[PDB]
Amino acid sequence: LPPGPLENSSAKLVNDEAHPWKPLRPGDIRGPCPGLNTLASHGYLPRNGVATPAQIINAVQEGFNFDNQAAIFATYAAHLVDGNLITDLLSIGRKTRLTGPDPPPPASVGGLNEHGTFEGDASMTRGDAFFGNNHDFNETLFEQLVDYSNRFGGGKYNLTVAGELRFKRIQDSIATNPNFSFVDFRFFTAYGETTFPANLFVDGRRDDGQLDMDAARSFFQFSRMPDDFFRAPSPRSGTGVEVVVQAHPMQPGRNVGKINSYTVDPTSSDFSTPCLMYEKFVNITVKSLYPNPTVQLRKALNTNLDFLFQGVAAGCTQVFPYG
Ligand code: HEM
Ligand SMILES: *[C@@H]1O[C@H](CO)[C@@H](O)[C@H](O)[C@H]1NC(C)=O
Ligand SMILES: *[C@@H]1O[C@H](CO)[C@@H](O)[C@H](O)[C@H]1NC(C)=O
Ligand SMILES: *[C@@H]1O[C@H](CO)[C@@H](O)[C@H](O)[C@H]1NC(C)=O
Ligand SMILES: [Mg+2]
């Protein structure tokens, strides 16, 4: 079952003796999410980068104080499109045999590195998949985050910096990635993720939304908590996303096979239709990976879809693609 919220959500030392940072061993998997990467590299998750949904939810709550609803939605969304529903295992990065025997095509079980399922374009510190690598830390892009932090954050990353950098990344992808896609689930996650460094990488004794560049580099590049790192003092995820959107409001869309051809998709959900984002994720994304599942895969799908729905905000109607 999905874990429930923390019994004690106060700030505390999370870079503690039981969770030391260690470097990667051969075969250890890290991916496009610096949160999950850091949790693996401190042993909140298995250090090889392969984990169950329940392990992921427990780790994001205990290590960073990610809120329960957000943890459940993100984890089950990722597992449904990128994980192995029979073995209950998800890679936090590249596709691996460690998640078990694969289901039939068209399901990919490609881990979090799979482009266009959860991962997508205009990431802050990772390049678009079209440019060859959607998962490793990118120094040029991080130096641009440092530059935007120096320009709009007084040297720190905050929500003002997030608003400017989010737009700059979208504009850069429009100008250079002929396959740029910015609709539905990615449209939502691309905005929320820009608040996470300000809300979750800032030491919880301060919780001031001002992330220093030493801490930023430690998390984004080395999957490493600063020495003496205290997690946030309460559960949260995307608080302040409205500031990022307000800086440069965008409509969902995509380049249409050429640079500078950004075309709005009226069938995409946006922030006016959050329930549509969930319904399309299940009815289109999940169903297309598993269009005619066998009995045991259907059961695992329905269970994980029920868990996903627990992370949906109230007032949406649950949808049942397999009955
Ligand atoms: C709850 C389970 C979570 C899952 C399944 C998840 C998964 C992902 C994935 C697949 C991406 C890549 C999206 C992209 O940029 O293309 C991503 C990005 C990101 N995640 Fe997570 N994540 C989770 C929780 C967290 C937590 C707890 C943090 C912070 C402590 C975090 C911070 C980030 C950040 C900052 C990015 C954007 C990286 C960038 O744009 O350079 N995530 N996540
Ligand atoms: C990192 O991003 C820059 C800027 O988009 C790109 O030119 C470069 O090829 C990427 N990869 C690296 C530095 O490995
Ligand atoms: C970011 O920092 C700059 C400089 O200190 C400040 O002007 C701006 O208000 C800050 N924004 C937030 C949301 O803290
Ligand atoms: C999803 O499918 C359900 C039927 O299972 C239907 O009621 C709903 O309107 C569909 N939503 C979308 C956005 O396709
Ligand atoms: Mg990406």
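Each ligand, and each atom within it, is numbered from 1 in the order the structure gives. Nothing fancy with the numbering, it's 1 onward along the sequence.
- Every atom of ligand 1 is numbered from 1 in the order shown, and the set under 4.0 Å from a heavy atom of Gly35 is 28 (C), 29 (C), 30 (C), 31 (C), 32 (C).
- The shortest distance between side-chain heavy atoms of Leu145 and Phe142 falls below 4.5 Å.
- Put simply, the side chain of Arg236 does not reach to within 4.5 Å of the side chain of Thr195, judged on heavy atoms.
- A donor-acceptor contact closer than 3.5 angstrom is absent between the side chains of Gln310 and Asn68.
- Protein heavy atom closest to atom 14 (O) of ligand 2, with residue, atom name and distance, is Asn138 ND2, 4.4 Å.
- Two residues are said to be in side-chain contact when any heavy atoms from C-beta on lie closer than 4.5 Å; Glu62 and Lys12 meet this criterion.
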side-chain contact (heavy atoms from CB on, under 4.5 Å) evaluation trace for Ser91 with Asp82: CA-CA 8 Å; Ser91 169; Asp82 291 334; over 6 Å; no
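- Judged purely by atom type and a 3.5 angstrom limit, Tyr262 has no side-chain atom pairing as donor or acceptor with the backbone of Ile170.
- In terms of protein heavy-atom proximity, atom 32 (C) of ligand 1 is closest to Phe196 CD1, 3.5 Å.
- Each of the atoms 8 (C), 10 (C), 11 (N), 12 (C), 13 (C) of ligand 3 lies under 4.0 Å from some heavy atom of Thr160.
- Between the side chain of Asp184 and the backbone N or O of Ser269, at least one donor-acceptor pair lies under 3.5 Å.
- Aromatic ring centres of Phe130 and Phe180 lie farther apart than the 6.0 Å criterion allows.
- Applying the 4.0 Å criterion to heavy atoms of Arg186 picks out, from ligand 1, the atoms 13 (C), 14 (C), 15 (O), 16 (O).
- Selection from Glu119, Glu193, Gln61, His79 by nearest heavy atom to atom 11 (C) of ligand 1 gives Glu193.
- Of the protein's heavy atoms, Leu141 CD2, 4.0 Å lies nearest to atom 5 (O) of ligand 2.
- The shortest contact between atom 8 (C) of ligand 1 and any protein heavy atom is with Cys33 CB, 3.5 Å.
- The aromatic rings of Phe271 and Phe188 stand perpendicular to each other, their planes meeting at an angle above 60°, with 30° marking the opposite boundary.
- Across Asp265, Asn177, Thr263, a single residue satisfies side chain to side chain donor-acceptor pair (under 3.5 Å) together with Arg254, and that is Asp265.
- Of the candidates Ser123, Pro34, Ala122, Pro34 brings a heavy atom nearest to atom 38 (C) of ligand 1.
- In the vicinity of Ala78, heavy-atom distances shorter than 4.0 Å reach the ligand 1 atoms 5 (C).
- A donor and an acceptor atom, one from each side chain of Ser181 and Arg186, are nowhere located under 3.5 Å apart.
- Set against the non-hydrogen atoms of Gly154, the atoms of ligand 3 under 4.0 Å away are 4 (C).
- For atom 2 (O) of ligand 2, the nearest protein heavy atom lies closer than 4.0 Å.
- The heavy atom nearest to atom 11 (N) of ligand 3, out of those in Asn158, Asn150, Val243, is found in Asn158.
- Here is the list of ligand 1 atoms found below 4.0 Å of a heavy atom in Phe201: 29 (C), 30 (C).
- Judged purely by atom type and a 3.5 angstrom limit, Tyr148 has no side-chain atom pairing as donor or acceptor with the backbone of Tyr157.
- Between the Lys280 side chain and the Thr267 main chain, a donor and an acceptor come within less than 3.5 Å of each other.
- The heavy atom nearest to atom 39 (C) of ligand 1, out of those in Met124, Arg169, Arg126, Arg166, is found in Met124.
- Under a 3.5 Å cut-off, the side chain of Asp128 and the backbone N or O of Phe131 do not form any donor-acceptor pair.
- When only modelled atom types and interatomic distance are considered, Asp88 and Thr52 share no side-chain donor-acceptor pair under 3.5 Å.
- Heavy atoms of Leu36 found under 4.0 angstrom from ligand 1 belong exclusively to the side chain.
- Annotation for ligand 1: atoms under 4.0 Å from non-hydrogen atoms of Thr75 are 1 (C), 2 (C).
- Of the N and O atoms on the side chains of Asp121 and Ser173, not one donor lies less than 3.5 Å from an acceptor on the other residue.
- The nearest heavy-atom contact from the protein to atom 4 (C) of ligand 2 is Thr140 CG2, 3.7 Å.
- Shown in contact with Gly120 at under 4.0 Å from a heavy atom are these atoms of ligand 1, numbered in order with element: 14 (C), 16 (O).
- Interface of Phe152 with ligand 3, defined as ligand atoms under 4.0 Å from a residue heavy atom, comprises 1 (C), 2 (O), 3 (C).
- Near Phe64, the atoms of ligand 1 lying under 4.0 angstrom from a non-hydrogen atom of the residue are 30 (C).
- For atom 7 (O) of ligand 3, no protein heavy-atom neighbour is found at a distance under 4.0 Å.
- Taking any N or O of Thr125, backbone or side chain, at least one lies under 3.5 Å from an N or O belonging to ligand 1.
- Atoms of ligand 3 lying under 4.0 Å from at least one heavy atom of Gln210, given by number and element, are 1 (C), 2 (O), 14 (O).
- Per-residue contacts place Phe118 under 4.0 angstrom from the following atoms of ligand 1 (heavy atoms of the residue considered): 7 (C), 8 (C), 9 (C), 10 (C).
- Not a single heavy atom of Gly209 sits under 4.0 Å from any atom of ligand 3.
- At a heavy-atom cutoff of 4.0 Å, ligand 3 is contacted by no atom of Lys156, backbone or side chain.
- Distance from atom 27 (C) of ligand 1 to its nearest protein heavy atom, with residue and atom name: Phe66 CD1, 3.5 Å.
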